[PDB]
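There is one chain below, alone, in structure tokens, taken in the form deposited in one PDB entry.
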């Protein structure tokens, strides 16, 4: 009994991780392979949605720093024109007590009341003294924060903010994921800034938002090796006889499997009780992505802002961005005409006539868990009110468009129990020739950015084919702390082979 299709390497999922595996498989051009996804549009959670009124919203952020030349090579290939990209300056602010405090927070306590500055400085002094004598390392995220910042800064920012982000207490999280850097505060730089009173770029696609990158990357692949859409939905994986079954009944035989779906779904699709049980020990939070389109020129108070962080309790979201700042093509042009749905204060607008722009746009994120639930019916309104309370929207601003989507698997949580589970789950799948990789494929946030995830797929294939170490998967500190320039979209294998076929 033979499957409808047979390939050496099967890739499940066409998010960044799956596309990475596909790109390196395509480059190597050795073993046979194919990639499937239930979504007709590749990009997974790094896709970009659009509102009926033409406002774009990324559902999974954007890369700010690439750690790898290989990732760069693929983006350059996908979007090879200078005008394909806008290049912006890396910046950030924290919203604290009516102030926009620049990153890094501790280096700008100067902008807080003098009383708060005292509590913060006393906190770092204590922490700096203890660190001088420390002979152990922190065991929880919380301990890490305190040793690093002092109780002062920890209570102002780190603690409350991180709870808003992870939907889980900082006491319930590990810290290893943060890196090897010794937990020791830079007291001198902090006080120096307090006394003096004083206080890097990234590219973003011009059109299509982040999702446009992955569409263009996928378009470089040989179309007949892709199966995207309902015809590409996987319904079961038979690990014992290495066969996958799709929704439409198609069967696929594989020798090695690279699975980028959530590892808990994989265990279900495998009907593996042991893996399902191990898999349930993992924790994750859901996230709500909220989009707000509004009429008007970009407000003075807002400027060239990007990520904004919100520790305080006058708004449910933990971060927001002025998405309209990243690219003029993220929202409709001025000439386009749209009706006002409501004002920022939640009341009916004066006129309901479709009017001109220009427009700007805000995007934000709310976290959710069994330890921090959210009312889905009221969350949109609360967020908008939150934009008011934080002085991002005037109560008079006119809202032209709203976007609200909830993602069940939003963040894989770095809980104290994560590694105990992963060190069992991953090797067990490995023994079955299954490479489970990705944000939820391998569940490691420290390597959960688009560039990391992409490379997790690239390296899994490199392990399958060339016996390479999976460095990003098992040594995040090693890859994050170096320049990764060795692996290129064009390696010696292809140069030599191409040159050979030329004089032959």
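In this text, rigid core is short for the largest set of C-alphas that superpose within 1.5 Å between two forms. Shifts are known only where both forms have a C-alpha. Numbering follows the first chain given and starts at 1.
In this entry, no coordinate-free residues of the deposited sequence separate residue 192 from residue 193. The PDB entry records a higher mean C-alpha B factor for 296 to 304 than for its counterpart among 296 to 304 and 337 to 345. Once the C-alpha B-factors are averaged per stretch, 373 to 381 and 309 to 317 rank with 373 to 381 first. Within the selection 188, 406, 418, 172, the deposited Cα B-factor values reach their highest point at 172. Taking the deposited Cα B-factors for 149, 257, 266, 216, the highest one is held by 149. Among the modelled residues of its chain, residue 79 has a C-alpha B-factor that falls in the lowest third, as given in the PDB entry. When the modelled residues of the chain are ordered by their C-alpha B factor, residue 426 lands in the lowest third. Compared with the other modelled residues of the chain, the Cα B-factor recorded for residue 203 ranks in the middle third. Among the modelled residues of its chain, residue 245 has a C-alpha B-factor that falls in the middle third, as given in the PDB entry. When the modelled residues of the chain are ordered by their C-alpha B factor, residue 229 lands in the middle third.
Only in words, not in the display: the form deposited in another entry, which the text now covers.
Among the candidates 184, 118, 381, 125, the CA atom that moves 2 angstroms or more between this form and the one not shown after core superposition belongs to 184 alone.
Compared with the form shown, the residue 132-residue 180 C-alpha separation increases in the other form, the change being 3 Å or greater. Figure legend: C-alpha atoms of residue 182 and residue 132, shown here, are separated by at least 3 angstroms more in the other form. Under a 2 Å criterion for C-alpha shift, the consecutive stretches of 3+ residues that differ between this form and the one not shown after core superposition lie at 60 to 64, 179 to 185.
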